[PDB]
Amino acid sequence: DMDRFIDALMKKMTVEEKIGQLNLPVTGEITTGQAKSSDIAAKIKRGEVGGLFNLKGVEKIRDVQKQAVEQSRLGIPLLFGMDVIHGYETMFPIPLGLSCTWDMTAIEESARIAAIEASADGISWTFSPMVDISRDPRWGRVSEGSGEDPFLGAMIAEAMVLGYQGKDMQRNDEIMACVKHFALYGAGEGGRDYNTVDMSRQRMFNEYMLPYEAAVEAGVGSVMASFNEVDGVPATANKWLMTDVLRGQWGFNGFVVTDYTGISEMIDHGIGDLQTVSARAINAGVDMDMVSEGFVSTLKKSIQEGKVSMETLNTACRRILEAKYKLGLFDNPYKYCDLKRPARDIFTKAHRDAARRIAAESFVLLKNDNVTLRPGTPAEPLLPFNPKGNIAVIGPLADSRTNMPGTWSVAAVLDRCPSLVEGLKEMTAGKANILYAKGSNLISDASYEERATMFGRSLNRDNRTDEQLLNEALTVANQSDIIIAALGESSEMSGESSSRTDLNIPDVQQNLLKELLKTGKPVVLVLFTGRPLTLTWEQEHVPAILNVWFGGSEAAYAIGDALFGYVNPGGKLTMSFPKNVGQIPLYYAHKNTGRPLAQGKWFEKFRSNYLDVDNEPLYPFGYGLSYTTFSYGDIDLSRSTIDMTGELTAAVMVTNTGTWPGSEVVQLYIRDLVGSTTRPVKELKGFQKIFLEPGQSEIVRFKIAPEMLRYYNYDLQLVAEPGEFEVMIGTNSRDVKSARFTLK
């Protein structure tokens, strides 16, 4: 059926036309790399274009599809691609923030909505999800992932692929997804984007690979090859990755696209000239060439010289044609070119309300200490509070529209998003006064601020000095009843090519924060960030800290919802927050070492520890507070022993012991006590997000079976070994209840 159709089409094709299906030039207003493609009208005519990307607007896409359908010899329709990462126009939180919902239904929903919007506007293909594991918060691209953990990363990868594609991409509101960046890109040395990656095969499989595999097994249509080398070979020329693992081991039936000029960049990597690396890429299992024109300009010559087989070419071409067929583009090239759809599907109130809900769900309450508010009274937390009197909103993130959506919002209308001040003004009209002061620049260094606010994120820095801005803010702060310090990163301090060697709140903002605290007014830190920051000073001195990541186009409203208690925060961290950059890499699923430092023993000579800080993150994986409290009973294991075909249930009663209704992410960890290789001190193996009224309890039950206990041993065999296991359940990866069982 498909096979026969594609056989017949391919029998007609010239070598040039087969090669053309593998070519993906760039166009439009959206800029995601340096090199630009020329002469696109003619190339479509010559049959030399497989797809395009970065073109926005159903009408413009329709026009281009027409040229392909009507002006090329064979009429083969184009794929239309875009980075639809965490929204099209309705922007959800950045993926890292979104991961802190621990809510696969919400995550699927966000992808569903983005697909509806993008498909309504002509897009058939998104370069998403980004599933790279990272333990290095220096790397700006942590903003695009789902944190450090592969179990949670894998579940999220599945939710995103399903949200975008549905069952089989048959509907006109379903699009093809693309798991990226295969593979290991999050382990770039120094946290410096694009830098050398190196690790053992054992680490690859146990620690980094699961999310890519989960996407493949969820039926993801395409895979993007990464910029990094693996084992000294750029991923785009690594046949072990792109054929042996991807196809041979996991059974991937789709196609592989490069990242931006990934082929020609192999010249700079230092593995040969354009022809050589182009031939190596297609022979490795790469099917589509993003921008470099390596395939289109050199593959014929390589075929003539016997460096690439006609077989290899036909396979690459076939995979591209199968993707087009599966999307329904041969049945109808204009499947996604309904000019009536943008008006009914894009940036609707329904979509924006969903984004607002998901944003509030993504926030992580890091601290909410009791503060003396009125003398004589027992100390109470600052959050939540009723919007009354004068609310100061101060800082460089307080009145920026364009920094609200987050990095990788290329189709968003940035200056349509309400700033925090605008959203809070709306939400408190008639009830409180919102008093604004800028307070500081983003950072002292003007050049830094300029590059940190590129892609239209300017904060309109002017000639007012740090001291002037501070003084104005203190005048405002001292007229107020409470201070909302809106501080942290600009959105483009994270994302692609946005690596940091220092992870503090920037200098002038931290100074501003210190001065606001010195007023004696209550201070809430509303923290904008795309990554873990080093917050030990803020943890010591600020009473309340709400990590809002970048919450999307409706962030301002969601922040209001959290501050005023309309939503009780329930986010939990998915990446460790280190005390300093000298502890990197810090991650919860670490080996014990031969000289573990016992709890509370810092400092101890001859143990694995530092002279100047303990081994712990400030906030561990899975950490997050609520306006209520939860209490855990002891773990009930249904068996003390099981065999390889058996099973048990781990159960724990969770009680809401405070005064607020709220959600709790109950987290399941397992430690394999003894291994033929060293095993992590714990691994996340399940979770359940529960909602409880005050005083209400729920018995949370986890099924545990031997398949969950498997790991890649020294010989890379995926096996569960007999022995003892420790089951841990708790409110984060640090504070847990424990019980043990034996596998026979």
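Throughout, we count residues from 1 along the sequence that is shown.
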{"query": "Comparing 325-333 with 445-453, the one whose average Cα B-factor in the PDB entry is higher", "finding": "325-333"}
{"query": "Of 260-268 and 360-368, the stretch whose C-alpha atoms average the higher B-factor in the entry", "finding": "260-268"}
{"query": "Maximum C-alpha temperature factor, selected from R171, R607, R112, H86", "finding": "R171"}
{"query": "Peak C-alpha temperature factor (PDB record), options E108, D634, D353, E515", "finding": "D634"}
{"query": "CA B-factor placement of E207, once the chain's modelled residues are sorted into thirds", "finding": "lowest"}
{"query": "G686 CA temperature factor, ranked by third within the chain", "finding": "middle"}
{"query": "Third of chain Cα B-factors occupied by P680", "finding": "lowest"}
{"query": "Cα B factor band for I303 (lowest, middle or highest third within the chain)", "finding": "highest"}
{"query": "Chain-wide C-alpha B factor ranking for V233, given as lowest, middle or highest third", "finding": "lowest"}
